[PDB]
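Trainee: Just dropping in an experimental structure and the matching sequence.
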Amino acid sequence: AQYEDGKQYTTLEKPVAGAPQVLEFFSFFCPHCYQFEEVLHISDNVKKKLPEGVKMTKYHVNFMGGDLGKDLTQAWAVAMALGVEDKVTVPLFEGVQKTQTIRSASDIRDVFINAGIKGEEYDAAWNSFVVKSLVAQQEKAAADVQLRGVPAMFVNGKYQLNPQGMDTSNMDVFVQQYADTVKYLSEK
Ligand SMILES: O=C(O)Cc1coc2cc(Oc3ccccc3)ccc12
């Protein structure tokens, strides 16, 4: 077949019931994730190839970056609780990987302050049980598949994208193959 298990995707040996239709995992320490955001815009290109209104979910992971990796998962929970993902994703990626000005939870907070989130409202979210539960939700989603690599995308709790099997000579061709594979998997 044109799409084959082991080529563009792999199939989870234990499928996960109740998962979101499209689920992405990333780390602000992950270099391919940085590219997926700034250069390839993978999430937006996948969204444009799926029907209107499909749910897409994106979670941060703990396993890169030690203490700060976990702080970043909590900060991503804050961003999701406050609905400010689009305001903080690029400055968090650049603060970690480009300028290397993010070295502490305080430096993370500065990114949110600079993006116009009020200090009081950041701190209230950071300490909230709603955010504690969003941290648990991110960890649980990752744990369901003993995730050890990002960027990762799962479709319908069943299929895992395999970008290792896609053309990397051309960035736009790669994005198109990735998104068309997601579309194919979502129609399975
Ligand atoms: O770990 C792997 O090999 C799989 C993988 C995940 O995200 C990626 C992003 C890439 O970025 C490019 C660069 C130039 C053209 C097209 C794509 C390349 C490969 C991968």
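Mentor: Done, it's in. Numbering: from 1, shown residues only.
Trainee: Kindly report the residues of the protein close to the ligand.
Mentor: The chain has residues 32, 35, 151, 163, 164, 168, 171, 174 near the ligand, with proximity defined as Cβ under 6 Å from any ligand atom. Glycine gets a C-beta too; all of them are placed from N, C-alpha and C.
Trainee: What about those, which one has the most neighbours?
Mentor: residue 151 (24 neighbours; other Cβ atoms under 10 Å).
Trainee: ok now do that residue, which residues does it touch?
Mentor: For residue 151, the contact set (Cβ atoms under 8 Å, 6 or more residues apart in numbering) comprises 24, 25, 26, 30, 32, 33, 36, 42, 163.
Trainee: how about 10 Å then?
Mentor: Applying Cβ atoms under 10 Å, 6 or more residues apart in numbering to residue 151 gives the contacts 24-27, 30-37, 40, 42-43, 58, 61, 161, 163, 178.
Trainee: from those residues, which would you call buried?
Mentor: 24-27, 30, 33-34, 36-37, 40, 42-43, 58, 61, 161, 163, 178 (16 or more other Cβ atoms under 10 Å).
Trainee: Among the residues you listed, which are located in strands?
Mentor: Per DSSP state E, strands hold the following members of the buried ones among the contacts of residue 151: 24, 25, 26, 58, 161.
Trainee: Name the nearest of the residues you listed relative to residue 123.
Mentor: residue 58 (23.7 Å; Cβ to Cβ).
Trainee: Correct me if wrong: that closest one contacts residue 25.
Mentor: Yes - using Cβ atoms under 10 Å, residue 58 makes contact with residue 25 at a distance of 7.7 Å.
Trainee: Report the spatially closest residue to residue 57, excluding sequence-adjacent ones.
Mentor: Once flanking residues are discounted, residue 57 sits nearest to residue 20: 4.1 Å by Cβ to Cβ, 6 or more residues apart in numbering.
Trainee: Residue 117 is in what secondary structure piece?
Mentor: Using DSSP states H and E, residue 117 sits within no helix or strand.
Trainee: how far away is the nearest residue to it once chain neighbours are set aside from the ligand?
Mentor: Of all residues not flanking residue 117 in the chain, residue 84 sits nearest, at 5.9 Å (Cβ to Cβ, 6+ apart). In this structure, residue 84 and the ligand are 25 Å apart, going by Cβ to the nearest ligand atom, to the nearest Å.
Trainee: quick one: the helices in the chain?
Mentor: For the chain, helices defined by DSSP state H occupy the ranges 31-38, 42-49, 66-82, 85-93, 105-114, 119-126, 129-143, 171-186.
Trainee: so which of the ones you listed is the most packed in?
Mentor: Mean neighbour count (mean count of other Cβ atoms under 10 Å) peaks for helix 66-82 among these, with a mean of 20.
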